[PDB]
Amino acid sequence: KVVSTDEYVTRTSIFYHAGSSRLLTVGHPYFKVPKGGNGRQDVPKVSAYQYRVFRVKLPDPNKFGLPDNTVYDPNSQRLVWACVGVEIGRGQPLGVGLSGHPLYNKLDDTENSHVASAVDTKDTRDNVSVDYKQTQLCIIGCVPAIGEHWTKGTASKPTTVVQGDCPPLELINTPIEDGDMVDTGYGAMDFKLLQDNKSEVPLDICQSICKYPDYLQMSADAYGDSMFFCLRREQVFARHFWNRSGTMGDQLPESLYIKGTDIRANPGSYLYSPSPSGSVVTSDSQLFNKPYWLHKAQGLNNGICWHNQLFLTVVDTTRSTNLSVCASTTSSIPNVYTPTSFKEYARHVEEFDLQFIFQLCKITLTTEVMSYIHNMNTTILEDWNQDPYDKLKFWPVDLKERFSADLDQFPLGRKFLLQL
Amino acid sequence: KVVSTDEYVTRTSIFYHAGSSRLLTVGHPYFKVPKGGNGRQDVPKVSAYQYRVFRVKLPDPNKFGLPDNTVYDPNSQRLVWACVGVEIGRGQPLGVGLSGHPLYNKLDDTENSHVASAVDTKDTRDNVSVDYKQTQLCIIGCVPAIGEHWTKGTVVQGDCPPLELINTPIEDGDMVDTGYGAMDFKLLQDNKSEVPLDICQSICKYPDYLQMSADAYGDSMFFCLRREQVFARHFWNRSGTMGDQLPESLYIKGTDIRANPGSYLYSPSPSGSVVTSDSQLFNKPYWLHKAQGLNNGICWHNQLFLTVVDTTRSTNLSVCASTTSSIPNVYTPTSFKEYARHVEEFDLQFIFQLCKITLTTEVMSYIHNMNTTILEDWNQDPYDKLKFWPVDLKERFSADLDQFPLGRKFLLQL
Amino acid sequence: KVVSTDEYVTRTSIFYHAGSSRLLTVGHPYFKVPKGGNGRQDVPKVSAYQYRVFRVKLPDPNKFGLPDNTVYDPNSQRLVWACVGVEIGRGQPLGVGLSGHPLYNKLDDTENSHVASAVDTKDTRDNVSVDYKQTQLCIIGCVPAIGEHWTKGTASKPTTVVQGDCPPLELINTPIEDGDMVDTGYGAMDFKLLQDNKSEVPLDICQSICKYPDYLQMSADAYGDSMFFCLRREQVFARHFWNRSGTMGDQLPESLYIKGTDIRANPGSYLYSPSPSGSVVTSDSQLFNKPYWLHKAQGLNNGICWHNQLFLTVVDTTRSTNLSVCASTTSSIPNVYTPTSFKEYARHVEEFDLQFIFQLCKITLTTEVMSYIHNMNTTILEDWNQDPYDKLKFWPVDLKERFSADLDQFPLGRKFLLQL
Amino acid sequence: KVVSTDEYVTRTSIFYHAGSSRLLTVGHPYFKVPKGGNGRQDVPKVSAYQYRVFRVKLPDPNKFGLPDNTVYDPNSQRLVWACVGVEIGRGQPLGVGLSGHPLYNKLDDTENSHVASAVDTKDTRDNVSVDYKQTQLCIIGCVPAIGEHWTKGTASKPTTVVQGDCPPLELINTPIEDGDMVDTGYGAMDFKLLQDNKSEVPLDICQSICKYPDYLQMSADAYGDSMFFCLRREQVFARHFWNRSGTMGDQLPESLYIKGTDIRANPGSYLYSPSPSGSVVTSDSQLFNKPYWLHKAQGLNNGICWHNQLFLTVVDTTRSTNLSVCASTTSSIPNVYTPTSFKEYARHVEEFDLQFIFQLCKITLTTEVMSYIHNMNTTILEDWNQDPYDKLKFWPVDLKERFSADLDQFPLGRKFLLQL
């Protein structure tokens, strides 16, 4: 069986505040722009529609500064940090941004239209931009969050795959790393694998993977180490209805229509995919800059940071505005406007101030306890007396020296004392 | 008379958790795509706008594992499962999808337009896609839910048939109200071009809430949840000759083309305003205390019937594979095969309560008049003909609710 | 003076349930379609935008089945039914429907337009359909509800009416019958009288009367027999702005504009009337399928069904979807689609399940009581020891044998017992 | 100092009901239509976007019918009416209406457009109609409400005004009379003075004044006689963006743009004014037909009707629907539709049922009291032992004989008794 942490983890009256005074990142909202030559000289991909996963390292409480005997006996007890309060600070103003692709596969407007039949022979595809689905989600854990997405699979029954035939779809669970693209309205799938077209979705996700947090997985998790706090708010509607150019792989059955004459001999394309849009960014529906207290977690783990690691996974598209930087090619400002004498750039911005309230805890290593902890993680006892997340990409947030005792001084700290 | 179950069914302090760890289904969002040759090699119709009806089988409590005497005396008492808690897990992200028909009967825009008069001689019908009406409904019962829809009822060829309303069991796969109403599109539309492909030849059923509540024993439904929104996006005109003659007493005849007036068959395109997680109806634990019917969460024959509709996750996937093994340097739309695939994810969770029924003589004379089979199977299924999603939980029952998400939520609720 | 019913009407612990198991009606959503030849062979006008007024007959409690002495002495007391609970069941799914008129008087788009000047010489009117104003209202009474609308009047001061001149407008109170058209956004008036054009509003109301419930009247009513329960929710906005073709009867004063040249010598038409629309049908704003308990009425009458008559007046446009029935002219399904070989029909549907909870009451006919009841209705005492509503059109709902004692069995009945 | 009325005005247990059984007015929604010849024979301007200010006269309580000694001694005490309850009845159904002007100054669509450049040489102005800003406001007082608007002023520093130059703007406080135009979205100003164009705004306000209630004034008022109850709800958004034709009086600085060639040598017009619109009329946001109880007023005056005068100022655009009346020029209904043989008329309608609940009060005229009342209004003592509002236009509502003692009988009366 698996047992709650409230059983074998004794809490104390010790409280601490920690926070990265400010976090910032700047770059291109679509793709990584290299300038090479050579180190470093380049611009990273920073979009409002990608996961921000902060690996937040906490100081070893057993080796913590000013270690007194009055707190714990290190012959039967070890110390562990437990999360109680979190306030995710968003710095930038609320905005709405665009994502697009010059060669967006769009046959013709199938919503309400009239003018153009756009017969499928060339690519009557035009240039399309669009605002994605508004998504605000938050996840805290001692283990990186788990996501889901669809990827090319293989024959359920062993038949030779013909080139052009549709591949079967397999659902894959993957750790949500800093940088991974979120659900942008076009679904959660590998656009690099399932779209050889390279023209179905806007540039930012065109060759990336869209992951959605497998909430069903992280909750049904045994120990619940993955997530123990959760917040989500997503809205989306169909702005415009379109048709996909290309030859249909599935033949539209004659038993669903009466064949017309003219061009209506063989019916038009039936591949309909609409353009998504987040109705409106409002601060009423805002999900951050607010203090969130953690009493009871969903999982049997109750806010406990094993190995002193906290994993904050967050998505915020409410601040998705993009910046247009225009520099002239000539050093003197041209008296006449010529569009060729101006270099235009696309830059995006994301600001953060992470705040935390932890609670020091004692664990008396009774013999039945160690036989439980050992079966959970062999490493916890090992590091008490090789990291598996080395391969993964997180935003490092070192708080080993950001821990402050007196909560009076800090904004979240005061909010916590009031809460008591 | 009919009596409540709280009278003749004694509840216990025994509680269990059960759940299908994950349910998934994939296919085409419009029609069943065969590839034949021969078994199986084909793709099923999986749309966000069709009923998902799970037939959930529960283990026989009278023959349940570790059967002790301390629970019930099997000479006067039998055991029966009762539902208390349910959390329907939706797995996929919220999305908006499209449904359409290349030969959609659409004369001309009668909302606000100007350019085209589109005189009725040919089919000036164009290609139309649209997003359906957003609908979230949930139903739990020991008997499959009941739906309603309209079906064809000397008849001259071409004349309008009368309309009859029919009650039918809601099976897994049946199409829901998509905004174009609840009717048999295969029967009442010889046109084969009035509504999008997915419902074009299927039946749209709506749950007869008035029926299932006015039901005597209330075996059909005992829990209910519904939220549906829709508005008219665009206004159109239907091509074809009107069967009902527009009376001259309703207009003053103009000249030109306005001698005999234009078509008056107006049917708009539906749309769900916006999918928002604020209005979301699932992934939430739903506790069941008092049911609407006299049956109070009792799973007779150990059968639970969850009928559910969810269009909040209606996004469709576009899969594009090139016809050439090498990725073409130049884009030619003819060298790419495009496919339409849809996805639906589920995690069903339950909290049951073991119950005792002391078979007093007046009790059996009541149960026998309700279902002759309940006593029969205690000491041929009528739902064999129907299509449900089988969810076997005969070995998913776990005693300690500690371990499971819904289980913990239930213990807290106490 | 007028006195409350709680004074002279003694309530009991007797309760009953009644309900029409299901009510249905089908027909054309615009006009009555005859087929003649001869009886009956025709289709009635059934629109979502017309009043449904159920005349609900209740069994005579004084002559009620199983009449025992233990209830009332029929030498000083009479029995009367009193309404306590009501649940109006709507059967069909929520939908949005259209109403229109092929020759809709529409000069040109005056909202935002550019292309057409549409000079007034012919009828540049096109074909217009539109969705009406969303309206949900409910009324219960022992007397048919009272409506209001505008109708052609006459000279306030006796001047001979010139043909073409505008008639004065008179406001008329009328009993709301089953079938009368509601406020559809174009106002409450007699379209048959005030519009000789026969082309100002869609077909369904084109020649009918739009009535709105005179709430101010029915509440200020003395006894309050008209309404004693009330529910209303209506929403509407201007979708498109238009101009009315035709010669203005009121001359636009030169003191309101500076005359331009060209066509702007004499200004264009100023008759602006927009197209209405119900923003969105949502079940959040739904008003029916919900149990409504009646404790204190607004009028001095408190849920009392005099003469054992209940009048439910209801409007519901949330279920306004229309059905398109298409039958081919040829017995064999044509391989080629020819629009002339298909007969198209317009059919609309409305479903109802009415439910009630009544409370038996005693009235001791003291001498001062009869001198009050006689001055209210001479007929109440008369029928206790010719109907005036014979001339009016109601939907008859006979419940003389639908009264059931044990509320256990029925949905509304259980809801009522719980409420206690 | 100024003292509250709760101090020097003794309340009683006497209560009365009063109400104008129904108020109605009909006319043209844009301008006053004369027919002359001679008395009266004309149609008044009745728009949904103009203030309705009812001057409500109350019977002199000191000279009130059945005056008994048991109530007050008329040698030290005088009687005065105090308002407690108000329910403003709106009669007509909710609707959306249009206002426009055939020669509306509109250069070209500057929102999203493409086709026309519309070079400023003529008046490329077209015909424009629009729905105004939705506004519901309510005000009760013993003195007419105070409004604000902008009007042509003069040189702050004495410079000779050149013809064509922009006049300075002065803000003016004015009494809100029955008929004055409200804020319709185009602001609060004198359109007759600041727009010599006669083509900037729709006809109804084109030559009238738009007043907005100076809430800041009426609250900061000493005695608070102006308003003591207040209710307001207004919504508006920009439907379409446009450009104003005409030569700019302020020269667009070269330091704000880079001069292009072609037509972009000297930049286009920069006078942008959008078209307003009330998103949607819903009965959810409805503000009237509801009983409003008055306990504590905002001003030191607490619902006291000095001189027995109540001033109800109200605005309601939720019922702004307009009626189209069409009469044929020929006595026989023409078989063929000719747009020239039909006279079209524009008529608007407004319905009211005002209801009140008053409380008789005593004022013992102590010597220190009269030295306070005299400094407030010399007339109050004078009329107790020439009207200044003769010059102003109000809707007279005489209630000198509408006062009824027993609140039992009336809708608002019952609502008030329940409230106790």
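Residues numbered from 1 in each chain as written, not as in the entry; some residues may be left out. Chains lettered and ligands numbered in written order. Part of a larger assembly, values for the part shown. Heavy atoms only, no water.

A. The arrangement of the overall build of chain A in detail. Across its full length, chain A carries six helices and 19 strands. The C-alpha extent of chain A, read off along each of the three principal axes, is 90 × 70 × 45 Å. Here chain A has roughly 19500 Å² of accessible surface; of this, 51% comes from carbon and sulfur atoms. Of note, chain A has its 40 positive side-chain charges centred 3 Å away from the centre of its 47 negative side-chain charges. (Helix = DSSP H or I, 4+ residues; strand = E, 2+ residues; numbered from the N terminus. Areas by Shrake-Rupley, 256 points an atom, 1.4 Å probe, with all protein chains shown as cover. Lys, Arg positive; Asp, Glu negative; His and termini not counted. Charge placed at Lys NZ, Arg CZ, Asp CG, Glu CD.)

B. Structural view of the overall build of chain B. Within chain B, the regular secondary structure consists of six helices and 20 strands. Considering only C-alpha atoms, chain B reaches an extent of 90 × 65 × 45 Å along its principal axes. Evaluated residue by residue, chain B yields a buried proportion of 64% over its 414 residues. Carbon and sulfur atoms provide 51% of the accessible area of chain B, an area that totals close to 15700 Å². On chain B, the mean spot of the 39 positive side-chain charges and the mean spot of the 47 negative ones are 4 Å from each other. (Buried < 20%, exposed > 50% of the residue type's maximum accessible area, 1.4 Å probe, protein only.)

C. Representation of helix α6 (residues 411–419) of chain C within the structure. Among the residues of α6 of chain C, those classed as buried are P411, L412, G413, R414 and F416 of chain C. Structurally, α6 of chain C contributes buried residues whose contacts are with α3 (209–214) of chain B together with β1 (10–27), β5 (77–90), β16 (292–293) and β19 (342–364) of chain C. (Contact = heavy atoms within 4.5 Å.)

D. Here's a closer look at the interface of chain B and chain A. Taken together, the contact between chain B and chain A spans 83 residues of the former and 85 residues of the latter. At the boundary of chain B with chain A, total buried surface from both sides reaches about 7100 Å², with 54% on carbon and sulfur atoms. Across the contact surface, chain B and chain A share six salt bridges. Note that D400 of chain B is salt-bridged to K1 of chain A, the shortest N-O span being 3.6 Å. Along the contact surface separating chain B from chain A lie 37 residue pairs in polar contact. Sorting elements by how many residues they give to the side of chain B that touches chain A places strand β19 (residues 336–358) of chain B first, with ten residues. Tallied by class, the residues present in the side of chain B that touches chain A amount to 33 nonpolar, 28 polar and 22 charged. The pairing of strand β14 (residues 247–248) of chain A with β19 of chain B spans two bridges and is parallel. Pairing of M248 of chain A across the sheet is with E338 of chain B, part of β19 of chain B. (Buried area = accessible area lost by both parts, 1.4 Å probe. Salt bridge = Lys/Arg side-chain N within 4 Å of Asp/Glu carboxyl O. Polar contact = N/O pair within 3.5 Å; in protein donor to acceptor, adjacent residues only side chain to side chain. Nonpolar A, V, L, I, M, F, W, Y, C, P; charged D, E, K, R; others polar. Pairing = 2+ DSSP bridges.)

E. Just the packing of aromatic side chains, in detail. A complete count under the given rule lists 106 aromatic pairs over all chains for this structure. Relative to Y132 of chain B, the ring of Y49 of chain B has its centre 4.9 Å away and its plane inclined at 85°; by these criteria the two rings are edge-to-face. Here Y132 of chain B lies in the loop between β7 (128–130) and β8 (134–141) and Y49 of chain B lies in the loop between β3 (42–43) and β4 (52–57), a separation of 83 residues in the sequence. Classification of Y49 of chain B by relative accessible area gives buried; the value is 5%. Every member of this aromatic cluster is reached through a ring pair, and the members are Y16, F64, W81, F356, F358 and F403 of chain A. Looking at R125 of chain B, its charged tip hangs above the ring of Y337 of chain C, at a distance of 3.9 Å from the centre. Taking NZ or CZ as reference, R90 of chain D lies 4.5 Å from the ring centre of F352 of chain D, over its face. (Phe/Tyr/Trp six-rings, centres within 6.5 Å; stacked < 30°, edge-to-face > 60°. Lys NZ or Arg CZ within 6 Å of the ring centre and 35° of its normal.)

F. Just the sheet that holds strand β9 (residues 146–152) of chain B, in detail. Read from one edge of the open sheet, four strands run β10-β9-β12-β11 (chain B), paired in mixed fashion. This sheet does not close on itself; its edge strands, each paired only once, are β10 (163–169) and β11 (175–176) of chain B.

G. View of the pattern of salt bridges. For the coordinates displayed, the defined rule picks out 78 salt bridges over all chains. As a salt-bridge pair, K133 of chain B and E228 of chain B come within 2.7 Å of each other at their nearest N and O atoms. Just as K133 of chain B is buried, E228 of chain B falls in that class too. What you see here is one network of salt bridges that share partners, running through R90, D316, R319 and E350 of chain A.

H. Main features of the nonpolar core. Counting 60 residues, the largest nonpolar core has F31, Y180 and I199 of chain B as its most contacted members. Formed by 57 residues, the second largest nonpolar core is a distinct cluster that contains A188, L194, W242 and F394 of chain C. (Core = buried A, V, L, I, M, F, W, Y, C linked by side-chain atoms within 4.5 Å.)

I. Representation of the environment of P291 of chain D within the structure. All names here are of chain D. Positionally, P291 belongs in the loop between β14 (281–282) and β15 (292–293). The exposure class of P291 is partly exposed, given its relative accessible area of 30%. Residues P291 and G89, spaced 202 residues apart in sequence, show a C-alpha to C-alpha distance of 9.2 Å. Setting aside its immediate chain neighbours within four residues, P291 contacts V86, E87, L412 and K415.

J. Region of the structure containing a nonpolar patch on the surface. Residues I333 and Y337 of chain A together with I258 of chain D make up a contiguous nonpolar surface patch of about 300 Å² in total accessible area. Relative to the assigned elements, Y337 of chain A resides in the loop between β17 (322–328) and β18 (342–364). (Patch = residues over 30% accessible without salt bridge, like charges linked within 9 Å, V, L, I, M, F, W, Y side chains within 5 Å.)

K. Expanded view of helix α6 (residues 411–419) of chain A. Residues and elements named next belong to chain A. For α6, the full list of buried residues reads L412, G413 and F416. Axial view of α6: buried residues confined to an arc of 100°, hence all on one face. The elements touched by buried residues of α6 are β1 (10–27), β5 (77–90), β15 (292–293) and β18. (Arc of directions from axis to C-beta.)

L. Examining the environment of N105 of chain C more closely. Tracing the backbone shows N105 of chain C in the loop between β6 (99–101) and β7 (128–130). Relative accessible area serves as the criterion here: at 1%, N105 of chain C is assigned to the buried category. The spatial distance from the C-alpha of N105 of chain C to the C-alpha of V128 of chain C is 8.8 Å, given a sequence separation of 23 residues. Leaving out residues up to four positions away in the same chain, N105 of chain C has contacts with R125, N197, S199, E200, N243, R244 and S245 of chain C together with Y337 and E344 of chain D. Here the side chain of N105 of chain C touches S245 of chain C through a polar contact of 2.8 Å, landing on its backbone nitrogen.

M. Focus on the sheet that holds strand β12 (residues 210–213) of chain C. Residues and elements named next belong to chain C. Spatial strand order, β10-β9-β12-β11: four strands in an open sheet with mixed pairing. Single-partner strands in this sheet number two, and they are β10 (169–175) and β11 (181–182). Bridge count for strand β9 (residues 146–152) against β10 is seven bridges, and the pairing is antiparallel. Paired with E148 across the two strands is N173, which belongs to β10.

N. Seen up close, the environment of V201 of chain D. All names here are of chain D. Structurally, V201 is set in the loop between β11 (181–182) and α2 (203–206). Among the residues examined, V201 registers a relative accessible area of 2% and is labelled buried. Here the alpha-carbon distance between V201 and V128, two residues 73 residues apart in the chain, equals 9.5 Å. With residues near it in sequence (within four places) discarded, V201 still touches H101, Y104, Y186, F191, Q195 and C206.

O. Summary view of the side chain of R90 of chain C. Residue and element names in this part refer to chain C. Relative to the helices and strands, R90 resides in strand β5. The class for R90 is buried, based on a relative accessible area of 2%. A polar contact of 2.4 Å, which involves the side chain of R90, links it to the side chain of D316. One polar contact links the side chain of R90 to the main-chain carbonyl oxygen of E351, over a distance of 2.4 Å.

P. How the structure looks around the side chain of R78 of chain C. All names here are of chain C. As for its placement among the helices and strands, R78 is situated in strand β5. Here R78 occupies a buried position and makes no salt bridge, while the nearest side chain of opposite charge, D60, is found at 7.6 Å. Here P74 takes part through its backbone oxygen, which lies 3.2 Å from a polar atom of the side chain of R78. Within the structure, the side chain of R78 is placed 2.7 Å from the backbone oxygen of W384, a separation counted as a polar contact. Once you skip the residues sitting within four places of it in the chain, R78 turns out to touch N62, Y72, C361, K362, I363, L365, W384 and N385.

Q. Geometry of the pairing of β12 of chain C. Residues and elements named next belong to chain C. Going residue by residue along β12, you find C210 and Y212 tucked away on one face and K211 and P213 tucked away on the opposite face as well. Of the pairings in the sheet, the one linking β9 to β12 comprises two bridges and is antiparallel in character. In the strand pairing of β12, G147 is matched with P213. Pairing of β11 with β12, which is carried by two bridges, proceeds in the parallel orientation. Bridge pairing links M181 to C210 in β12.

R. The arrangement of the state of the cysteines in detail. The final tally for this structure, using the stated rule, is zero disulfides over all chains. Its sulfur unpaired, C355 of chain B is 9.4 Å from the next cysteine sulfur, which belongs to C299 of chain B. (Disulfide = S-S within 2.5 Å.)

S. How the structure looks around unusual backbone geometry. With an omega dihedral of 0°, the bond running from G39 of chain A to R40 of chain A counts as a cis peptide bond. Within the secondary structure, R40 of chain A sits in the loop between β2 (33–34) and β3 (42–43). Cis rather than trans, the peptide bond between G37 of chain C and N38 of chain C has omega equal to -5°. Mapped onto the elements, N38 of chain C comes out in the loop between β2 (33–34) and β3 (42–43). If you check the backbone angles, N385 of chain A has positive phi at about 65° while not being a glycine. With respect to the secondary-structure elements, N385 of chain A resides in the loop between α5 (378–382) and β19 (395–398). Its relative accessible area of 79% is what places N385 of chain A among the exposed residues. A positive phi angle, near 55°, is found at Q41 of chain C, a position not held by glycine. Looking at the secondary structure, you find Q41 of chain C in the loop between β2 and β3.

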